[PDB]
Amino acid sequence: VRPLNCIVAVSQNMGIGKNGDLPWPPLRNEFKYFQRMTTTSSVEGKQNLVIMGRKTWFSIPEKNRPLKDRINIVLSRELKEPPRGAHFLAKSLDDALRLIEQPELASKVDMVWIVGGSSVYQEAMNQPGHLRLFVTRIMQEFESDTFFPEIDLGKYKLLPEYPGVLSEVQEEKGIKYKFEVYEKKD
């Protein structure tokens, strides 16, 4: 729960969003990976937890909120109550991270996942300490208005393998993609 995980899908031009949606048509197999990695806790009786920005929360289809079988935290400086369906609201990333480390969640949270958007990735990546980046490389260019921060290879190590993550190039709807895991210690 102390390591922080970010998970993202990014185009060749580092794009992650366009007009409050994704730059590419729906990649349901890519979504299945997102679901699996964020939902699968390491121990029965604990749930994983997802943190996301307010725009990402409202852009997720209503029928799929909250992200099922995960504790959902939404970051907003303007909302005063958690959005309907969200488990917690936090006014800053540090407030959220401090909440998660409170003892009355000890038994109640396994892995922590940052799931977007651009804003939130940026802030998480500015932080000292142990960060993993679960990056899906969409091997194609797409017109985008929201983007993922630079991944400095002097700071992040590309893990050659990672448990439960397959390395082969995948394809759906003629769009190729592959799964990568990066790590920054300390």
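From 1 onward, residues are counted along the sequence shown.
> Looking at the entry, does 50-58 or 135-143 show the higher mean C-alpha B-factor?
Between 135-143 and 50-58, it is 135-143 that shows the higher mean C-alpha B-factor.
> Could you check which stretch, 26-34 or 148-156, carries the larger mean CA temperature factor in the entry?
The entry gives the higher C-alpha B-factor average to 148-156.
> Quick one: classify residue 67 as lowest, middle or highest third of the chain based on its Cα B-factor.
Its C-alpha B-factor, which the entry lists for residue 67, ranks in the lowest third among residues of this chain.
> Taking only the Cα B-factors deposited for this chain, tell me whether residue 9 sits in the lowest, middle or highest third.
Lowest third.
> Taking only the Cα B-factors deposited for this chain, tell me whether residue 87 sits in the lowest, middle or highest third.
Lowest third.
> Using the temperature factors of the C-alpha atoms in this entry, rank residue 106 within its chain: lowest, middle or highest third.
Highest third, going by the recorded CA B-factors of the chain.
> Using the B-factor values recorded in the entry, state whether the Cα atom of residue 39 falls in the lowest, middle or highest third among the modelled residues of its chain.
Answer is lowest: the recorded C-alpha B-factor places it there.
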